[PDB]
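Please read the structure below before turning to the comments.
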Amino acid sequence: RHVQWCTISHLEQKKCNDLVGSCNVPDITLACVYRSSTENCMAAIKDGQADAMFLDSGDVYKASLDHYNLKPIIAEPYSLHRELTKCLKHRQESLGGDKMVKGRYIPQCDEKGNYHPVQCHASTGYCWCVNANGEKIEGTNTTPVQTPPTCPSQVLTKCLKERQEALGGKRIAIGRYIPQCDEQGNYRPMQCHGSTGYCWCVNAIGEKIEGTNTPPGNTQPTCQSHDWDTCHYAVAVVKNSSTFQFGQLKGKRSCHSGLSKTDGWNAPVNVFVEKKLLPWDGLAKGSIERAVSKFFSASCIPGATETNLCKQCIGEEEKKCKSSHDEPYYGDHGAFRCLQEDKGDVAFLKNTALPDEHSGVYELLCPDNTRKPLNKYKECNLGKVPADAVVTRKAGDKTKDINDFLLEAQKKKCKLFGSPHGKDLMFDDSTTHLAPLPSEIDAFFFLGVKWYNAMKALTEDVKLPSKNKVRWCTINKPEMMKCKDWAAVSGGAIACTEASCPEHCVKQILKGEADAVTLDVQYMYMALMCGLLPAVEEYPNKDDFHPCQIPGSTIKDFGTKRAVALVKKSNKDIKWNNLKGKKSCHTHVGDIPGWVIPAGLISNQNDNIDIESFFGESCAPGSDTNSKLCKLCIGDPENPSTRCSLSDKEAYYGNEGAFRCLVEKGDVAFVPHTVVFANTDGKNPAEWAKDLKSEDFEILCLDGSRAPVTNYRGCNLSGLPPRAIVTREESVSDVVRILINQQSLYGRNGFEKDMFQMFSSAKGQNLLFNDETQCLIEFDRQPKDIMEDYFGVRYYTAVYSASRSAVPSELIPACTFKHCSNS
Ligand SMILES: NC1=N[C@H]2[C@H](COC(=O)NS(=O)(=O)O)N=C(N)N3CCC(O)(O)[C@]23N1
């Protein structure tokens, strides 16, 4: 296995070459491929000449476009603010679940708020070991009949682990820095070197605050406590011997880290434009680079083409003004060097390249026309900027080899993050750890919508779609054709987009490519986790059109299905709490009322033991034919084998089919509340149903009691939430207004329902909306968690343990990735 690293300069290639010799990662060999600039390396990776390089966030954006088709895969984790510990959040979520779902696991947290390594389930007496995230170490479960397991102690905090390593197992690390930790095991704000006498400030995860390093005998700056804001900040640095302010920058000389860098270009230009220092607003006033060319007298901006914007660079011959360390003024530390050597009056870079020392001739130029000390960048800056990242081809053919190499190299403490040859070679010298990003991350979710759009805005005039138009996302060709017919009558209120599946529709809406889509319940957890909101919902109650006639009216019964546990009156012995080992009938694997809701409750109350293992002999179509979930299944009265099959071939498949299995060879059936009334009181002519009586059956309540099948509203496993039309938070009001108006024209009582029907089509069944929808009803948003508000507390608890930590789609870690954005 090989990893070919692309280097952009002679210096970087030297450092990369040193790592080939000094860093021994077994099984994976590093190699170094030279190119002359950042852009030539991007092309080399696209072409397969190389596999990986580290890119500034601005280049991550440029590399994500069709010209290069690269994606970020690895980056240094950052923090925005202090957060609850995982264990205490989990405790709060589980304690907030539905109290009628008895016997659920509530985590046990220690005096620091972390998980005890031994976790136990009170109602079952089971215990097990957990990692730091409180996830079960599988295979450590111990029954109540035995002593609790012995579990490894929790991994130490960064500070305590860095302390232990610095002590190298020897009791005092003489002459070397030993971190000083607080009682929670985080870094004390002030750190001192035990031999040199120097002191400086660090944030809560131990990153040094620039401008605070203090030699012995001098007074230190004050160190802020509980600093969990570890985003990098764009700053403008100046010498204290000059006197101009930010608003007087016109006509000065400037040093920029680079034309494509977020801290050297996007951040300052963004502020120049907002303050109207730059006579430029759109691509009709020329290019942004040309306007900046007219603003400054002479600059060094590596990668630029305008002559005066390369005039201050000092690279020799063709190396001059190259996006490469062969230009000595390239990058953050090159721009600072350019100021230091007086080729510029101001340098544009980020806080991590500022001098560590408090005292000296440098300070910050704030956009509010004041100047402030180096250590006040959090209040004197041009914005937070995104993280930077290792990138590779979108195809990801080398992602595993790249990640494996860098994880092992860091375990072995190879010299990745410094060099005698220069600063910020290969990686930023400030980097301390590189971690894999979410597998489905791309530049949009890595940078975040705010910075992504801000960078796009410098390259093209982004025409913002109208708030009077809903772009509807369709998932198949018939849906798109029904939507084109809707657009034709809508007078411009409706437009259409196409995706392959509901999750790609969610992605389009997030990225501003569509505005709305109707989602099945099984997709709503992912949609709500990504930050979309229900705007309207499909109301399916055929017995009450009054909420559809008069909008805003009160709804007595939304009419969704209720999952129930159905048993016969004769079997008086069976209750909820003794269903273990009994015979059960399920509509089919994957059905929400017949499978997902019951499986969720069984899992919550029995330590995630398989619904397969919980019952005795069952029929649940879709299971493996050899398992005990198919033993009850009667394949086909016209024998072919079609047993336990997901078709009408299986006699026990579906709503009515699970009702058969109950009456014939069954003990309990998991069904919508409607199935019993639909097949008793002489409504199914079939022989088995005959004139079966609705009074002959009951439903099991979660409290061990029973009730007649007519009380499904108060004795159910869970009610289902309705299907929802989702959109971005800021578009809810427009989408509600447009859809409610469309519904007054083309709904079931629409004034123009002869021109178009929203809830049917000749092109197919359930296109865009379910054909049984009575109307769409505005979601009445309540002051609670949207998870509880949309799912209902019972469903949220039964299916998701009332937790925001389930991952039913690998999109969730990418769409919830946090960003370094401004207001
Ligand atoms: N905001 C809000 N309104 C409700 C409507 C459905 O309303 C009924 O289900 N009514 S019911 O039939 O009377 O139970 N939409 C939802 N997804 N929900 C789920 C929980 C909830 O019913 O409270 C509700 N949350």
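We count residues from 1, following the sequence as given. As the structure lists them, so they are numbered: ligands from 1, and atoms in each ligand from 1.
Taking only nitrogen or oxygen atoms, main chain and side chain alike, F558 reaches within less than 3.5 Å of ligand 1. Of the polar atoms of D780, at least one N or O is found under 3.5 Å from an N or O of ligand 1, judged by distance alone. Residue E537 has at least one N or O atom closer than 3.5 Å to an N or O atom of ligand 1. No N or O atom of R781 sits closer than 3.5 Å to an N or O atom of ligand 1.
Side-chain N/O atoms of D734 and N468 include no donor and acceptor closer than 3.5 Å.
Under 4.0 Å from ligand 1, not a single heavy atom of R723 appears. Heavy atoms of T560 found under 4.0 angstrom from ligand 1: none, in either backbone or side chain.
Residues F697 and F677 place their aromatic rings such that the two centres sit no closer than 6.0 Å. Taking the six-membered ring for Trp, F446 and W451 have ring centres at least 6.0 Å apart. Here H586 and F615 bring their ring centres to under 6.0 angstrom of each other. Aromatic ring centroids of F817 and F445 lie 6.0 Å or more apart.
Using cut-offs of 30° and 60° for the angle between ring planes, the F444 and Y452 rings count as perpendicular.
Shown here, atom 17 (N) of ligand 1 is in close reach of the protein: a heavy atom of it lies under 4.0 Å off.
Interface atoms of ligand 1 facing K556, defined by a heavy-atom separation under 4.0 Å, are 13 (O). Taking a cut-off of under 4.0 Å to the non-hydrogen atoms of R562, the atoms of ligand 1 that pass are 12 (O). Set against the non-hydrogen atoms of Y790, the atoms of ligand 1 under 4.0 Å away are 16 (C), 17 (N), 18 (N), 19 (C). The atoms of ligand 1 that sit less than 4.0 Å from any heavy atom of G792 are 19 (C), 20 (C). Under a 4.0 Å criterion applied to the non-hydrogen atoms of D557, ligand 1 contributes the atoms 12 (O).
Between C585 and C619, the two SG sulfurs stay at or beyond 2.5 Å from each other.
With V536 as the fixed residue, the side-chain contact (heavy atoms from CB on, under 4.5 Å) test singles out one of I777, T518, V736: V736.
Between the side chain of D520 and the main chain of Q522, no donor-acceptor pair closer than 3.5 Å is present.
Considering each of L720, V793, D789, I777, the one bringing a non-hydrogen atom nearest atom 24 (C) of ligand 1 is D789.
The shortest heavy-atom distance from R713 to ligand 1 is under 4.0 Å.
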